[PDB]
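J.:
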Amino acid sequence: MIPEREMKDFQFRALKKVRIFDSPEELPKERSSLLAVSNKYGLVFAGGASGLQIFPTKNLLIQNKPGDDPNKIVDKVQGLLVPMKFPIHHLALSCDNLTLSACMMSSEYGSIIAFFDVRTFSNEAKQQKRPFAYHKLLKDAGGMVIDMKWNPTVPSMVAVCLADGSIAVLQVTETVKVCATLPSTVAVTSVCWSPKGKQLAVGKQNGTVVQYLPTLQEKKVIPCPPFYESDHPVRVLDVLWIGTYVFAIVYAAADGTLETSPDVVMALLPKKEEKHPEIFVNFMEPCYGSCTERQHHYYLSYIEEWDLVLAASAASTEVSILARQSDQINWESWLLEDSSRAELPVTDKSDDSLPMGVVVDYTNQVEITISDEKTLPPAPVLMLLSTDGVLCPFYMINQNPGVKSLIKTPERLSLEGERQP
Amino acid sequence: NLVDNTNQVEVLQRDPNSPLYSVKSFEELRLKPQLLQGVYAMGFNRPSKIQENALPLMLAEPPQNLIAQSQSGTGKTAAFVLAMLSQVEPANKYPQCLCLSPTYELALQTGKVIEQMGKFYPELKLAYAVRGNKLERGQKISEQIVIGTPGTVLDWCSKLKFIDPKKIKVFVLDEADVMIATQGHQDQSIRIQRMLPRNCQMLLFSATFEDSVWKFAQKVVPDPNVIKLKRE
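Line order of the protein sequences matches chains A and B. Note that the numbering used here gives residue 47 to position 47 of the first sequence, counting from 1, and the numbers run on in steps of one. Note that the numbering used here gives residue 504 to position 83 of the second sequence, counting from 1, and the numbers run on in steps of one.
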């Protein structure tokens with residue numbers, strides 16, 4: 001049925017857990033994405049109900065020493081607090097790493113996206129770090145950003161999808177231009193750029209994935225997979241465009257129910273020169289769901305050089321991997337050993353913490369200290385922000401044959417060109 | 422075999438006003454005949470120092486929970502194997518006792534001890550929920566005891582639907598100090614534990630006992646008797 005494989009050549013290796021925000025009173029339920037990472041400059045951006053926090057990435061990464069309790073949480077670490085008048089539900093960074101978008105809901109005023117010039121964070125002569133441009137979504141409740149993604153190759157371009165079903169493509173330079181929009185009746189639920197950033201794929205309430213040029217002129221429809229019946233109707237919850245004809249697509253119950261659990265589906269598409277149907281493979285619940293209280297959300301990302309997909313989910317304490325096979329076409333679950341997994345911790349009140357944000361650092365330069373005597377070269381670090389306000393870093397050690405080191409040395413941010421309010 | 426110890430067991434009973442310590446024979450414990458025979462076949466004669474206090478609590482009527490600390494070779498394993506074997510009913514072909522080991526290689530070691538001491542239970546069978554077991558989805562374990570490492574055990578109880586944890590009568594955590602020191606194991610164990618029934622007997626054993634380990638022990642063994650034996 002679901003293809004699976006004991007992988008002894010991959011392990012997640014936990015670094016110390018680091019508290020960023022104070023534990024909340026209630027479990028945060030809404031769809032959110034609160035971690036961003038500058039891999040160009042080595043910064044991490046964390047957000048919550050309670051401000052925005054920026055750290056040099058290496059400050060957040062602390063290795064266990066022999067003797068230390070690997071379950072002890074470090075209390076704080078030096079970073080910068082930028083006060084925010086309202087709670088943040090989404091953070092993202094442009095592909096040049098110079099624009100941070102912060103999405104906020106105000107009960108009074110509804111939603112707004114603040115855009116920060118990332119140099120301002122480094123500008124010692126600004127005691128207050130203000131955004132240089134806002135974008136106000138006239139909407140109040142239906143104005144919650146539920147997916148928002150910067151273009152991987154056009155630094156000024158960002159795609160934003162709202163709760164009411166509407167969508168917009170924005171251009172953010174020294175100010176904010178609306179380039180394209182589609183109204184709420186289109187029913188967008190999720191959004192994702194092509195690898196080269198030439199098209200936008202949007203998931204939809206009706207279960208389809210439509211492709212678009214950035215001008216939002218429609219290019220290709222992926223139908224709702226045949227295995228779903230009419231009396232079990234579904235919606236795209238999240239989508240990841242991996243290759244031109246390859247996607248990860250997550251389906252969830254159309255009606256919003258939290259009880260049913262989402263299916264991660266890999267989809268291979270035919271070409272113009274083929275009249276094959278679409279191949280779908282249901283891997284189902286690779287991140288096992290312990291929680292039915294939160295809005296569903298899969299955090300998906302592809303690591304080309306490793307040809308695999310990392311997956312986390314708002315309802316799960318576990319991170320899962322779907323790898324391409326030696327085959328080069330099909331996918332398989334990687335089943336990892338007990339002490340080499342990536343799981344969010346149990347809170348001190350004995351509840352499960354769950355993911356609010358997920359990123360990978362490639363600027364780590366420190367070597368992994370294994371034994372007293374053994375040391376491995378630096379690895380990428382998976383970082384999860386939890387519902388409890390704790391950051392959870394794990395080295396990703398891929399010892400599979402032929403994999404080239406992904407580490408990339410970071411640069412200094414020059415204040416030149418900083419945009420002003 | 423048994424390591425020497427001049428020292429004495431310290432005992433905090435769960436019940437302050439209900440003194441019931443010290444058995445100096447196995448015959449006293451009213452074991453099932455096939456269990457006492459198991460013991461006999463192993464060459465045991467007297468309970469060990471730690472066993473003398475631990476067994477009356479674990480085998481009380483009804484059984485009671487325990488946090489026990491003593492060094493290697495005190496008889497901890499033997500003591501909890503007795504515990505699990507005395508609750509097991511082989512007639513019922515599904516997991517009833519659940520033992521967590523910090524490593525693969527100890528999961529098997531303990532297994533052998535279980536198998537040897539349970540020699541005269543007819544149709545007693547063990548499952549090993551450890552790295553590289555073969556089981557396909559859909560299956561359900563019919564072995565009456567399961568031993569394994571916390572991550573795989575958790576999967577079997579949850580994800581994979583291999584074990585119904587609401588049916589377990591005895592839960593053991595061997596080597597708490599080592600357990601906690603291993604990535605993942607603390608949270609994994611807590612997650613297993615929370616889905617066991619109220620009336621499950623819980624037992625926890627460690628050589629060391631620093632505050633991390635103690636605080637862990639408290640989350641895992643409600644209403645415990647606590648036993649310490651100072652190292653020698």
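Note that CB positions come from ideal geometry on N, CA and C, so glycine has one too.
Which residues mark the beginning and the end of the alpha helix (DSSP H) in which residue 500/B is found?
T.: Run containing residue 500/B: 497 to 508, per the alpha helix (DSSP H) assignment.
J.: For chain B, check one thing: does any of its Cβ atoms lie closer than 7 Å to the Cβ of residue 74/A?
T.: With 7 Å as the cut-off, residue 74/A does not count as an interface residue toward chain B.
J.: For residue 547/B, is the classification buried or exposed, using 16 other Cβ atoms within 10 angstroms of its Cβ as the cut-off for buried?
T.: Buried, by the Cβ-count rule.
J.: May I ask you to list, following chain order, the residues of the segment 566 to 592 of chain B that have a beta carbon less than 8 Å from some beta carbon of chain A?
T.: Going along the segment 566 to 592 of chain B in chain order, one finds 570, 571, 572, 573, 579, 580 with a Cβ nearer than 8 Å to chain A.
J.: Between 437/B, 544/B, 480/B, 528/B, which lies nearest to residue 510/B when the distance is taken from Cα to Cα?
T.: Closest option to residue 510/B, Cα to Cα, is 544/B.
J.: How far does the beta strand (DSSP E) with residue 55/A in it extend, from its first residue to its last?
T.: It spans 51 to 56 - the beta strand (DSSP E) in which residue 55/A sits, taken as one unbroken run.
J.: Using 8 Å as the Cβ pair cut-off and three pairs as the minimum, do the segment 370 to 388 of chain A and the segment 90 to 108 of chain A touch?
T.: The segment 370 to 388 of chain A vs the segment 90 to 108 of chain A: no contact.
J.: Identify whether residue 600/B lies in helix, strand or coil by the three-state DSSP scheme.
T.: Here residue 600/B sits in helix by DSSP.
J.: DSSP puts residue 291/A in a beta bridge; with which residues?
T.: Partner(s): none; residue 291/A has no beta bridge.
J.: Quick check: the Cα distance between residue 18/A and residue 554/B, rounded to an integer number of angstroms?
T.: If I take the Cα positions, the gap works out to 35 Å.
J.: To the nearest whole angstrom, what separates the beta carbons of residue 265/A and residue 282/A, a pair I think is in contact under 8 Å?
T.: Going by Cβ atoms, the distance from residue 265/A to residue 282/A rounds to 5 Å, so yes, they are a contact pair.
J.: Would you mind working out which of 313/A, 342/A, 319/A, 307/A sits nearest residue 327/A, comparing C-alpha positions?
T.: Of 313/A, 342/A, 319/A, 307/A, the residue nearest in Cα terms is 307/A.
J.: Within a Cβ cutoff of 7 Å, which residues of the same chain sit near residue 629/B, ignoring the five residues on either side of it in sequence?
T.: Counting only Cβ-Cβ distances below 7 Å, and skipping sequence neighbours, we find 598.
J.: Report the option in 12/A, 364/A, 240/A, 176/A whose CA atom is closest to the CA atom of residue 42/A.
T.: For residue 42/A, the nearest C-alpha among the options comes from 364/A.
J.: Would you list the residues sitting across from residue 276/A in a DSSP beta bridge?
T.: Residue 276/A pairs with nothing; no bridge assigned.
J.: Determine whether the Cβ of residue 608/B lies closer than 7 Å to any Cβ atom of chain A.
T.: Judged by the 7 Å Cβ criterion, residue 608/B is in contact with chain A.
J.: Does residue 531/B have its Cβ less than 7 Å from a Cβ in chain A?
T.: Judged by the 7 Å Cβ criterion, residue 531/B is not in contact with chain A.
J.: Nearest to residue 79/A by alpha carbon, out of 45/A, 106/A, 85/A?
T.: If we check each option's Cα against that of residue 79/A, 45/A comes out closest.
J.: In angstroms, rounded to a whole number, what distance separates the CA positions of residue 424/A and residue 610/B?
T.: This structure cannot speak to residue 424/A, because chain A is shown only from 1 to 421.
J.: Please go through the same chain and pick out, in chain order, the residues whose beta-carbon is closer than 8 Å to the beta-carbon of residue 8/A, but skip the five residues on each side of it.
T.: Excluding sequence neighbours, residue 8/A sits near 337.
J.: With a threshold of 8 Å on Cβ separation, who are the neighbours of residue 573/B within its own chain once the five nearest residues in sequence on each side are excluded?
T.: Taken in chain order, the residues that qualify are 550, 551, 552, 554.
J.: Between the Cα of residue 166/A and the Cα atoms of 205/A, 134/A, 193/A, 194/A, which residue gives the shortest distance?
T.: Of the candidates 205/A, 134/A, 193/A, 194/A, the one whose C-alpha sits nearest the C-alpha of residue 166/A is 205/A.
J.: Could you tell me whether the Cβ atoms of residue 174/A and residue 419/A are closer together than 7 Å?
T.: Yes, the pair counts as a contact, with Cβ atoms nearer than the cut-off.
J.: Is the number of C-beta pairs between the segment 75 to 95 of chain A and the segment 133 to 152 of chain A that are closer than 8 Å three or more?
T.: At 8 Å Cβ cutoff, the stretches touch.
J.: Counting only beta-carbon separations shorter than 7 Å, does residue 435/B have a partner in chain A?
T.: Closer than 7 Å: no.
J.: Return the chain-ordered ranges of every beta strand (DSSP E) run that is complete within the segment 8 to 42 of chain A and spans a minimum of 3 residues.
T.: For the segment 8 to 42 of chain A, whole beta strand (DSSP E) runs of length 3 or above, ordered along the chain, are 10 to 14, 35 to 38.
J.: Which residue or residues does DSSP assign as beta-bridge partners of residue 75/A?
T.: DSSP output for residue 75/A lists no bridge partner at all.
J.: At a CB distance below 7 Å, what residues from the segment 622 to 648 of chain B approach chain A? Give them in sequence order.
T.: So the list reads 633, 640, given in the order they occur along the chain.
J.: Once the 5 residues before and after residue 141/A are set aside, which same chain residues still bring their CB inside 6 Å of it?
T.: Correct list: empty, nothing qualifies.
J.: Using the beta-carbon of each residue, which ones in chain B are nearer than 7 Å to residue 293/A?
T.: Those within 7 Å of residue 293/A in chain B number zero; the least Cβ separation is about 16 Å.
J.: Could you work out which residues of chain B lie near residue 37/A, taking near to mean beta carbons separated by less than 8 Å?
T.: Going along chain B, no residue has its Cβ under 8 Å from residue 37/A, so there is no contact; the nearest lies around 23 Å.
J.: Is any beta-carbon of chain A found at less than 7 Å from that of residue 539/B?
T.: No, residue 539/B does not count as interfacial toward chain A.
J.: Between which two residues does the alpha helix (DSSP H) carrying residue 533/B extend?
T.: 525 to 538 is the span of the alpha helix (DSSP H), which, as asked, contains residue 533/B.
J.: Just to make sure I have the definition right: I need the residues of chain B whose C-beta is within less than 8 Å of the C-beta of residue 71/A. Which are they?
T.: Residues of chain B passing the Cβ test: 601, 607, 608, 633.
J.: Using a 10 Å radius around the Cβ and a threshold of 16 neighbouring Cβ atoms, would you call residue 388/A buried or exposed?
T.: With 16 or more Cβ atoms within 10 Å of its Cβ, residue 388/A is classed as buried.
J.: Straight-line CA distance for residue 352/A to residue 608/B?
T.: The alpha-carbon atoms of residue 352/A and residue 608/B are separated by roughly 9 Å.
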